[PDB]
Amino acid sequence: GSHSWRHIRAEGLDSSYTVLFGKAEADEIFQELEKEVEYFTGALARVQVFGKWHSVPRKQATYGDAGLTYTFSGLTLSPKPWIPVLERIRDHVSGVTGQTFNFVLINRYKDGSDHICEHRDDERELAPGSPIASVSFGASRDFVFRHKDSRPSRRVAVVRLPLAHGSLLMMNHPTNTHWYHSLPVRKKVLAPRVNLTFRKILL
């Protein structure tokens, strides 16, 4: 291991942040991701929330071992077979953390108008206690942690941090039980961002 982590801690919050790649390498990986990743469209890009169906305000893709599935918000996604650039990132993350992953959800935000609404990654197909590894390329975007009982008896402070080009954010147990997260709209950001959340899914 031996890595410079920034620990994000609060009640029920255990997250870690480090920069894995310098600019030249991260640029190279980003350009490969832009060339190689295939995103879902049409019916595989619509979610149901609060009884309404929506096209997702971004693009999504999934890769991982054969036989696995991932379902959230009325949407079931099937993994495409691994490709070199994603295996490079998975293996690097695995070496630095000691954790293994069999699945990745890729989110692409074309600019600051693309975003993701607040949620917990608490799905049943997720291995109990398993961490989620979030790797980011392209534009730096703000990421928000919010405590679930602040929306509002327990006015617990929100946690904000920018996720930089080439960075890794580890979300350990029980972060996803007690805290919601989101990438809010940032109208000033004009460049695209590609995010990878490596997960461990049960068969």
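For the two forms, the rigid core is made up of the largest set of C-alpha atoms that agree within 1.5 Å on superposition. Just count from 1 along the sequence shown to find any residue number.
Novice: Is 158-166 or 44-52 the stretch whose C-alphas end up farther from this model in 6 other deposited structures of this protein after a rigid core fit?
Specialist: When 158-166 and 44-52 are compared in 6 other deposited structures of this protein, the bigger C-alpha shift is seen for 44-52.
Novice: With everything overlaid on the rigid core, name the stretch, 167-175 or 137-145, whose CA atoms wander farther on average in 6 other deposited structures of this protein.
Specialist: It is 167-175 whose C-alphas lie farther from the shown form in 6 other deposited structures of this protein.
Novice: Quick check on residue 150: across the other compared entries (only those modelling residues on both sides), is it unmodelled in a third or more?
Specialist: Affirmative; at least a third of those entries omit residue 150.
Novice: With respect to the deposited sequence, how many residues separating residue 35 from residue 36 are not represented by coordinates: none, 1 to 3, 4 to 9, or 10 or more?
Specialist: The entry leaves nothing out here.
Novice: Identify the stretch, either 112-120 or 73-81, whose C-alpha atoms have the larger mean B-factor according to the entry.
Specialist: Looking at the recorded C-alpha B-factors, 73-81 comes out higher on average.
Novice: On average, are the C-alpha B-factors higher in 63-71 or in 138-146?
Specialist: 63-71 has the higher mean C-alpha B-factor.
Novice: Determine which member of 165, 52, 58, 154 has the highest CA B-factor, using the values in the deposited entry.
Specialist: Comparing C-alpha B-factors across 165, 52, 58, 154, the top value belongs to 154.
Novice: Which third of the chain does residue 10 land in by C-alpha B-factor: lowest, middle or highest?
Specialist: It belongs to the highest third of the chain when residues are ordered by C-alpha B-factor.
Novice: What third of its chain's C-alpha B-factors does residue 159 belong to: lowest, middle or highest?
Specialist: For residue 159, whose C-alpha B-factor we compare with every modelled residue in the chain, the answer is the highest third.
Novice: Within this chain's modelled residues, let me know which third the CA B factor of residue 86 belongs to: lowest, middle or highest.
Specialist: Middle third of the chain for residue 86's C-alpha B-factor.
Novice: Taking the entry's C-alpha B-factors for this chain, is residue 48 in the lowest, middle or highest third?
Specialist: Within its chain, residue 48 is a lowest-third residue by C-alpha B-factor, going by the deposited values.
Novice: Would the CA B-factor of residue 132 place it in the lowest, middle or highest third of its chain?
Specialist: For residue 132, the deposited C-alpha B-factor lands in the middle third.
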